[PDB]
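Quick setup: the structure tokens below cover two forms of a single protein chain, split into structure 1 and structure 2.
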Structure 1
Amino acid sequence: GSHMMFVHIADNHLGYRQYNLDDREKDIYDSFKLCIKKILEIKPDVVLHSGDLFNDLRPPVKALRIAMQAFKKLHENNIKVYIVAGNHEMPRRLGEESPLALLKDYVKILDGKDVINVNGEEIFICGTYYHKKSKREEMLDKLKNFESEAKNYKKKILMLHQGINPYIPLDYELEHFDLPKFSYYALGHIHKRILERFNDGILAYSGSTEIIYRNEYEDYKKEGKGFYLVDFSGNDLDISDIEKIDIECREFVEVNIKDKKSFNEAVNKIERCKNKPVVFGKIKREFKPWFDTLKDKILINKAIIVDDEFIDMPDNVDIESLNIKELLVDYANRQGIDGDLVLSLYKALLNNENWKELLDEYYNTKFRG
């Protein structure tokens, strides 16, 4: 008795065609179809979609299809599905409709309150679409009702597609304290997986569904991309009753080909590879022809042919804000002149001050010629 399980999923980016590559397009569709399958094979009670199902606002026919099909099944096998539209899905000239509208009888598009019955027990859901940081305020409003309307129920779930302060440290449109106490936070927008306690409840970023940027690979092997299977049986939840489903992605491989020892380590990766990987990074110029050798074990080579001349770090952080004043002074000394003066002679000449003075001064004062 009493058994209620939902699948939290996000950022599929259907329709994305990385490096203009027919294959990578198919890769994105495949890794999604897989999820829908696995999820169809788990007949979970509810599916939470945290946004960015599509890539653009006018996704291609085929992506639209591939979705409408998968979501068809979902609701054909009596699965309830909730989704908030992400940044890629919020129409900018209203009068034109988000692509999500094409899934309207398969899915409920959240921008409000709603309650679902599973095992007579009543649970609470709220969510809303991607809000720029600009309109970040009107948002707090939204989460207020949400908070209020939600106090009444024991179990509550929040769906949002924004980025939040501690979790993306860079570009974010909401902060940690900036949100009320819920039981699970099904989030979208961060592509790396994220799962951790918070405000008595579990917060989560299902993550993407493939490698959309090269930098998600290292992040991919540690934590693996897929979705979250959440067992909301007992009265509470921990990282324990949140099971994670995995999924295989196109493989990436970073080569930094400097010497003979390296060109080999690079071989030790490409063939040590499930399918044809995408290779990226550096490759000294003298090794290029002997790499094109592997142009058939490779999917695509986005690595940089470095000139033989240069042999140092260029991506090396060297924060330079040339302090004009500092430099001028440091310089003038190298030559033999009172920098601390010629500098002062400088500020003075511009503000149209009395130079005679400054000179007449220094002359008598410090000038021992």
Structure 2
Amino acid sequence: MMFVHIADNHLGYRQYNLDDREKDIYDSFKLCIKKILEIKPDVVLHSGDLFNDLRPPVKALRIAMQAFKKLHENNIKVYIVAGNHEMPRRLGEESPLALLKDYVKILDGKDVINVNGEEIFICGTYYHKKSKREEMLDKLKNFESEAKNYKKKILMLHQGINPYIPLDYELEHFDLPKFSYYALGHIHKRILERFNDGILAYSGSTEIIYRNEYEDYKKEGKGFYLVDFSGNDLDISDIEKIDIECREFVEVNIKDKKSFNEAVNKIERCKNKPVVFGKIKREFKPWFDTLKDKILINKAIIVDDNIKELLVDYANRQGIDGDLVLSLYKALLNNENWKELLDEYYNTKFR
């Protein structure tokens, strides 16, 4: 009794307006499907952001369709929740996931599964924006009432939880009811920790989307989760992380002559031909062109070679009492009595 938690594939994302970076997303996604089929898991939980846009290219729809067709043909039930890039924005248009309706269960409610003689409770919903949180809390409280009977229960959400993503969080932590496992998405940091006598997990992205995620790939490989829910409960031990092969990135900040030596030995000691980014001193570029074939592209820069505090700093540099300049600066802009304030200065503290 094992399942796969995968999310944030962002199929169709064409990084750097470059064809190769668009295909690199497809391959890793195809490779994720390949590894999943090699494992033959009982259930696949896709927790959102399969596509990058609401109207993805025809190729990305074919690639995803023929992928989820294979999973359904091998008697793997796939559950999905709509992501933020998949919720229809206008009236008559449909989500891209509607093409996968006959191979994947799009979760907006409850469902129970029989796995070798045991009832496991699956529930999930689409991406709720921060405005409609009160409707979300009612959907989560309903999923709580329908769950007290089942000792094994999982929750699929495509949201941001407060203690994990502070920038754009749509839910707080204490609103989440008790579940054995949390299949979450919308943040591309691979996260795995305990939460309310269970395991909260962000499967993370599949390919490096935004540039802040190669620092992760060298530390934390990208891919999906393989969870072993055979025993009655869940721990960190029975969760194996599956790493996929991504496009290598090489970061250089060449402002010195020692920063050219770091390149070749790193560009070759990686899997595939990488992408270089950062800053390269102008004097180093022409002697750097020798290996632009062993690299994909070079998005590197060619480099040549608090007012209230600063106003006082300026006045003293000219030789004038800055505290006077500032307090006067407030007296007239706030339209206060500069008359009452100027008459004092001439008497006491003048020379």
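When a residue number appears, read it as a position in the sequence of structure 1, where counting begins at 1. Take the two forms, superpose them, and find the largest set of C-alpha atoms that agree within 1.5 Å; that set is the rigid core.
J.: Let me spell it out: fit the two forms on their rigid core, measure each listed C-alpha, and pick the one of 292, 111, 238, 138 that moves 2 Å or more between structures 1 and 2. Which is it?
T.: Everything else stays below 2 Å; the exception is 292.
J.: Could you check, with the core superposed, whether the Cα atom of residue 355 shifts 2 Å or more between structures 1 and 2?
T.: True for residue 355: a C-alpha shift of 2 Å or more.
J.: So, does residue 69 move by 2 Å or more at the CA between structures 1 and 2, with the core held fixed?
T.: Residue 69 C-alpha, core-superposed: shift of less than 2 Å.
J.: Residue 34: CA shift of at least 2 Å between structures 1 and 2 after core fit?
T.: Moves: no, less than 2 Å.
J.: After superposing on the rigid core, how many Å does the CA of residue 271 move between structures 1 and 2?
T.: On core superposition, this C-alpha lies 2.2 Å from its counterpart.
J.: Core superposed, what is the CA shift for residue 337 between structures 1 and 2, in angstrom?
T.: It moves 5.4 Å at the C-alpha.
J.: Once the two forms are fitted on their rigid core, how many angstrom does the CA of residue 280 move between structures 1 and 2?
T.: C-alpha shift for residue 280: 1.0 Å.
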